[PDB]
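1. Generate coordinates for the sequence data below:
(chains A, B, C, D and E)
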Amino acid sequence: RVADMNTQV
Amino acid sequence: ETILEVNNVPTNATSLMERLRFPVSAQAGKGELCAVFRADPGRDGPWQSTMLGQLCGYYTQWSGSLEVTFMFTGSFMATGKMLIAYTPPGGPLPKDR
Amino acid sequence: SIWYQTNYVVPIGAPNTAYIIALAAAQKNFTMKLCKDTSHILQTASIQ
Amino acid sequence: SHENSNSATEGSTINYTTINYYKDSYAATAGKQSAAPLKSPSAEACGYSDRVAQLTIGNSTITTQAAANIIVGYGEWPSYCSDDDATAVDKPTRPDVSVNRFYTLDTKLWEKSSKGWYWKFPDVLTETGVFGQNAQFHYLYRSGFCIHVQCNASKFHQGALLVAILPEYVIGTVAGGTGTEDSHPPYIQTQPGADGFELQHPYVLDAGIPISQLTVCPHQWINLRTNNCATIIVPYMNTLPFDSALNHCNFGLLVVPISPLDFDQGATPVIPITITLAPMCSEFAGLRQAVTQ
Amino acid sequence: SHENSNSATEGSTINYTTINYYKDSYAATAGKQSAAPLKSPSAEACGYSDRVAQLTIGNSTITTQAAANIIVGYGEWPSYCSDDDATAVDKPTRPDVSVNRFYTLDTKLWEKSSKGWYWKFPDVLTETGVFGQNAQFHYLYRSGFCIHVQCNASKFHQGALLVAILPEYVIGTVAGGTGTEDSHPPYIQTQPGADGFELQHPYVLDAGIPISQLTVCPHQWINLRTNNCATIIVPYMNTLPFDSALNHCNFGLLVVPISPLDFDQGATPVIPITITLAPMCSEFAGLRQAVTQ
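-> Numbering: from 1, shown residues only, chains lettered A, B, ... in the order given. Please find the structure below.
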C-alpha cells in the first residue's frame, strides 16, 4: 500500500 | 556451552572456585554495572576458561556468532531484570546503562 | 556488559547476594581457521 | 452526483442515510448509521501471536510471558504510513534496526509512599540512540512503540501498578491551588525526557482526569503476585500521518501504584521500575540539520 | 574431487590449467589462464546513462553536464553488499535518503601558487549529517560515493585540476628530510575531516608515488576552458564487505592543479574549489553507542 519499498585496412 | 570466567578477579587457590560465577545483589536502583568482559574468545582474559577460548587458541582466525548463556543461581524468591549489552567494536566501556 | 535493569529483589529469608554463572559457546555459523600453536598456557619447564 | 462528497464521514465504512437540500454533504442531517479494541486486547485476542512469540526487536530481546498477558494498543499493530494517509512527498527513511529496538530508559524506585511517574513519547527517546539522532535530524516522525515496563519483586511483596498509555497526555497545573492563576507547566514537566516526571496529584493525573478511568486507554497491570512486567505494543496515533518528535508527544506512559507497595522488614526495600520501549515501524521525513528541540 | 578447492583463484571466472601433486589447490603451479574499467570510463561508456540523466541523490540536486564527461569509478556503480560478500550476520540499516545525498564540504581557494589538497573518505563525512551520525553509531560501514568537485572560473581564466580518487591513500612523511627518522603523519594529516589537508609535496602526493601516474585511479580534469566540474561516481572498494568509517579511509580524493591557475589582473582572484560528495548505497551495521573516532 506504499509502493516505495590486430591492425586492419 | 562452557563456563565463562567473567569474574576472573581472584587468584589464590582457595578462592579459585569464585572465578566461575559473579555476584548479583540488591542495588540502589540507579542502573548499576554488574560485570563487563570482552567478547573475543581468543583474547587472553575471561574466555580462556572456555573450550571456545581454548580451541580458539589453536586457530589464528575465527568467524561467526557466539552464545553466552547467563544462568541465575539465586533463590526461587529472587526476582529481577538484567540488561546484558554487547557493544560492537568502536564503542568503549559504557559509563551508564 | 551486564547492567541492573531493575534490581535484585528478595524477601526476608532469602540471601541478599546471588551469583550468575556465565556459560560461553559458539553458534552453528562459527568457524575457526589457520591452525596454530596455542599460547593460552605456556610451560617454562620440561616434563619429567 | 448533484452534491459534493465533502462531509466529515466520507471515506468511512458506514453508509449514512441523510437528508440534504444543499450542494454540500456536510450540510446534510446527522442521519442514521444505515476482541474489542478499547478493552486493551491481548496478542491472542488481536490474532498477532506470530509477531509476539519471542519479542526480539532490532538487536534487543526482552524475555517475558507472551501472547496472553501482552497488550496491543487499541487492537492496532504499528505499521508504516500508507500512501493515502501520508501527505509529505519526500520518501521517509526507515532504519528499522538502529531505531526500532528496545531502549532502557531508567530505573525509578517504587516506594510504599510512591505516587507514580509519567513518560512522554517520543520525548523519552529524543536525545539518545539512532532514534534520537533521526528525531533530531528529521522534521517529520512517525513510529509505533513497544513499551515493556518491568518491575520485579519477590513473592512476599505486594502491590499493583497501572501501566497505561495515555494519548495526548496534556499536563495541567494546580493553577496556584486556588484555581485563579492560569499557570502553565514548565518544559521539564511537559517533556521530561528519559528520566520521566513524578506525578504531583496522581488521582487527577495532573490533568484533571481521574486515574480510575485510565483503563479505556491501552493499559496493563503489574500486580506483583501475578506478573512482574507489562508489555504494551502501542501504534502511532495522531490526527496527522507524521509529526515533530521534539514538540509533540503522541502519548504519555502512566506508571502509578494503584495498590501501594508493601513488604515486611527484611525484604529488599529497593523495588525499581525499569522502562523499556522499542519503536515499531519508525518513519522519519523532512531531513535538515539536527535540532535538540 | 581428490583435492581441496582452496587456491587463491577459486570462485573467479577464469579456468586455470595447473599441475598439482598435493591435496591442496594452492600447492599447484601458477599455470595458464586456459569501456576499460581502469581507463576512468564515462557513464556513456559504462552504459549507465539512465542513472545519470539528472543527478538527484536524496534531497540534493547538482546541475552538471551528464553522461559524456561524468566518470564511474573502475566501471563499477556503487551497490549494496550481496549475501555472498557480506559476513556480518546482523542486517544493516540503509537510510538511503538521509545519508545518500550530496554534502557540500568546503570552498578551498585555488591560487596561482596552490599545491593541492586531499580529502579522505568517509572521514570527510564522519562528523556531519545523518551519514555522520550513522558512521559514529555503527561499527560497520559500506557505501559508494558520488564526488562532484566544482571549480568555476571565467573564460579568461586558465588552469587544470587533476580530480582523482586514490584508494587507500596512505600518507607518508618527509622522514625528517634526510630519510632517517621513521616519522609518521599525525591524525589531523591522515584523517583531515571535511576541511581537508593541503599537499606538502604534490609531486609525490606526500606518499612517494608520482602525481603523473595518478590517472590509473578514477580521475577527472577540471580544465577550466572545457569543464568547471568533475563528477566521479565512486564504488565501495575494500578487501572487506564492510569497514569502520572512523579509522579506515577507503580512498582519498586528490584535487591538485597540474596546470597552474593564471589570469590577468582585473579578473576575480578568488577562484574557489567546492567539494560535493553523495554517498551511494550506504550500509551501516554493528550498532552501538556513538563514537567520534
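
2. Once you drop chain neighbours, what's closest to residue D:228?
-> Once flanking residues are discounted, residue D:228 sits nearest to residue D:152: 4.7 Å by C-beta to C-beta, 6 or more residues apart in numbering or on different chains. In short, each C-beta sits where N, CA and C put it, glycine included.

3. quick check, the strand or helix carrying residue D:135 touching chain B?
-> Assessed by DSSP states H and E, residue D:135 sits inside helix D:129-137. No - Helix D:129-137 does not reach chain B (C-beta under 8 Å from any C-beta of the partner chain); its nearest approach is 12.5 Å.

4. Which neighbouring elements make contact with that helix?
-> Packing partners of helix D:129-137 (3 or more C-beta pairs under 8 Å, 6 or more residues apart in numbering or on different chains; DSSP states H and E): strand D:138-151, strand D:271-287, helix E:129-137.

5. Can you classify residue D:177 as helix, strand or coil?
-> helix (DSSP: H, G, I helix; E, B strand; the rest coil).

6. in the helix or strand hosting residue B:55, what counts as buried?
-> Element membership of residue B:55, judged by DSSP H and E, is helix B:51-56. Neighbour counts over helix B:51-56 (16 or more other C-beta atoms under 10 Å in any protein chain shown) mark B:52, B:53, B:54, B:55, B:56 as buried.

7. ok, now which ones touch the second one?
-> Taking C-beta atoms under 8 Å, 6 or more residues apart in numbering or on different chains as the contact definition, residue B:53 lies against B:41, B:42, B:47, C:24, C:40.

8. Kindly provide the distance from the closest residue to chain B within the stretch 51-200 of chain D to chain A.
-> The minimum distance from the stretch 51-200 of chain D to chain B, using C-beta to the nearest C-beta, falls at residue D:152 (3.8 Å). Distance, residue D:152 to chain A, by C-beta to the nearest C-beta, to the nearest Å: 40 Å.

9. So that residue is in contact with residue C:10, correct?
-> No - between residue D:152 and residue C:10 there is no contact under C-beta atoms under 8 Å: 10.1 Å.

10. Which one's more surrounded, those two?
-> residue C:10 (27 against 23; other C-beta atoms under 10 Å in any protein chain shown).

11. tell me the contacts of residue D:231?
-> D:55, D:62, D:64, D:69, D:70, D:71, D:146, D:147, D:148, D:220.

12. at 10 Å what do you get?
-> Counting by C-beta atoms under 10 Å, 6 or more residues apart in numbering or on different chains, residue D:231 touches D:42-43, D:52, D:55, D:62, D:64-66, D:69-72, D:146-150, D:163, D:220, D:276, D:278.

13. Just the buried residues out of these, in PyMOL syntax.
-> Burial among these is assessed by 16+ other C-beta under 10 Å; the matching PyMOL selection reads:
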select buried, chain D and resi 42+43+52+55+62+64+66+69+70+71+72+146+147+148+149+150+163+220+276+278
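
14. so which of the contacts of residue D:231 are also by chain C?
-> D:62, D:149, D:150, D:276 (C-beta under 10 Å from any C-beta of the partner chain).

15. any idea how far the second one is from residue D:106?
-> Distance, residue D:149 to residue D:106, using C-beta to C-beta, to the nearest Å: 11 Å.

16. quick revisit: pull out the buried members of the contacts of residue B:53.
-> Buried members of those, scored by 16+ other C-beta under 10 Å, are B:41, B:42, B:47, C:24.

17. any idea which of those is the one closest to residue E:174?
-> For the buried ones among the contacts of residue B:53, the closest approach to residue E:174 (C-beta to C-beta) belongs to residue B:42, at 39.2 Å.

18. where does residue B:69 fall, phi/psi-wise?
-> Torsion angles at residue B:69 (phi, psi; degrees, to the nearest 10) stand at phi -90, psi 120.

19. Wait, it touches residue B:52, no?
-> No - applying C-beta atoms under 10 Å as the test, residue B:69 and residue B:52 come out as separate, 12.0 Å apart.

20. shared neighbours, these two?
-> B:1, B:2, B:4, C:24, C:25.

21. Just the buried residues from those residues, in PyMOL please.
-> If you want just the buried ones from those in PyMOL, going by 16+ other C-beta under 10 Å, the selection is:
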select buried, (chain B and resi 2+4) or (chain C and resi 24+25)
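
22. give me the number of residues near residue B:64?
-> By the measure other C-beta under 10 Å, the count of residues near residue B:64 is 14.

23. Quick check: closest non-adjacent residue to residue 1.
-> Using chain A here. residue D:82 (4.5 Å).

24. ah, I was thinking of chain C
-> residue B:36 (4.5 Å).

25. Which one of the ones next to chain C among the contacts of residue D:231 is nearest to chain A?
-> Within the ones next to chain C among the contacts of residue D:231, the smallest distance to chain A is 27.0 Å, found for residue D:62 (C-beta to the nearest C-beta).

26. Could you pull up phi and psi at that closest one?
-> Dihedral angles (degrees, to the nearest 10) for residue D:62: phi -110, psi 140.

27. what does residue B:14 give?
-> Dihedral angles (degrees, to the nearest 10) for residue B:14: phi -70, psi -40.

28. do you know how far it is from chain D?
-> Counting by C-beta to the nearest C-beta, the gap from residue B:14 to chain D is 30 Å.

29. so where do the helices sit in chain A?
-> Remark: helices of chain A are absent; assignment by DSSP state H.

30. Would you enumerate the residues in contact with the residue in it positioned nearest to chain B?
-> For chain A, the residue closest to chain B is residue A:5, as judged by C-beta to the nearest C-beta, at 26.5 Å. Each residue near residue A:5 by C-beta under 10 Å, 6+ apart is listed here: D:80, D:91, D:94.

31. Nearest residue to the last one in space, please, no chain neighbours.
-> Spatially, and ignoring its direct neighbours in sequence, residue D:94 is nearest to residue D:283 (6.0 Å; C-beta to C-beta, 6+ apart).

32. Enumerate the residues of chain B near chain D.
-> Residues of chain B lying near chain D (C-beta under 10 Å from any C-beta): B:25-32, B:75-81, B:83-86, B:88, B:96-97.

33. Kindly check the end-to-end length of stretch D:197-212 for me.
-> Using C-alpha to C-alpha, to the nearest Å, one end of stretch D:197-212 lies 20 Å from the other.

34. list the contacts for residue D:120?
-> Residue D:120 touches D:126, D:166, D:169, D:171, D:189-193, D:196-197, D:248-253, counting by C-beta under 10 Å, 6+ apart.

35. Also residue B:75?
-> Applying C-beta under 10 Å, 6+ apart, the residues contacting residue B:75 are C:10, C:11, C:13, C:14, C:15, C:18, D:154.

36. which parts of chain A sit against chain D?
-> Residues of chain A lying close to chain D by C-beta under 10 Å from any C-beta are A:1, A:2, A:3, A:4, A:5.

37. Which of those ranks first by neighbour count?
-> residue A:2 (12 neighbours).

38. hmm, back to that, now, of the contacts of residue D:120, which are buried?
-> Here, 16+ other C-beta under 10 Å leaves D:126, D:166, D:169, D:171, D:190-193, D:196-197, D:249-253 buried among the contacts of residue D:120.
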